[PDB]
């Protein structure tokens, strides 16, 4: 199949600066056009207001990054290129929330633009259920020329590190195609 990254049973905590570095997998991410990023995780119960689940970021460009994040329990998503402009529509007020202190999954899919999807397609699902679809772009890591770092948890944006939290991560899986809603229902 389509699996290009799988990381199991890792965690972010004080001892690792609330971060699991995956930056060695950056070239695999840059190559993707259609993609899925899936995480199954358990946040500590009284979570920070904003915390990153999976991000790609830059040592030189503070505002160029991709993040799947949680904001006041809402599963959210943002990608910004070398001009700092948004790749996707706002997800901060997307309808689906995670339950901290328990197991949850969040799945992001991206489809590059095609004849029938002229601006591409991005979806975020929470616990197998579509939260929001965004048809602004199908931009992804291939569209971020200055990225250097990949991580679960605390995210290095140039000379600052932000969005850390304590997470148990049963798995992070990245695929080289966009799973369908039906696959997200069964494969989560």
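Positions refer to the first chain, counted from 1.
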**OP:** Select between 24-32 and 147-155 the stretch whose C-alpha atoms have the higher average B-factor in the entry.
**Re:** 24-32
Original post:
Which has the higher mean CA temperature factor in the PDB entry, 41-49 or 119-127?
Top reply: 41-49
Subject >> Highest-ranked of 67, 139, 134, 161 once sorted by CA temperature factor in the record >> reply: 161
**OP:** Ordered by C-alpha B-factor within the chain, which third holds residue 79? Give me lowest, middle or highest, please.
**Re:** lowest
**OP:** Sort the modelled residues of this chain by their C-alpha B factor and say whether residue 58 lands in the lowest, middle or highest third.
**Re:** middle
**OP:** Place residue 10 in the lowest, middle or highest third of its chain's C-alpha B-factors, as listed in the PDB entry.
**Re:** highest
Subject >> Relative C-alpha B-factor of residue 179, binned into the chain's lowest, middle or highest third >> reply: highest
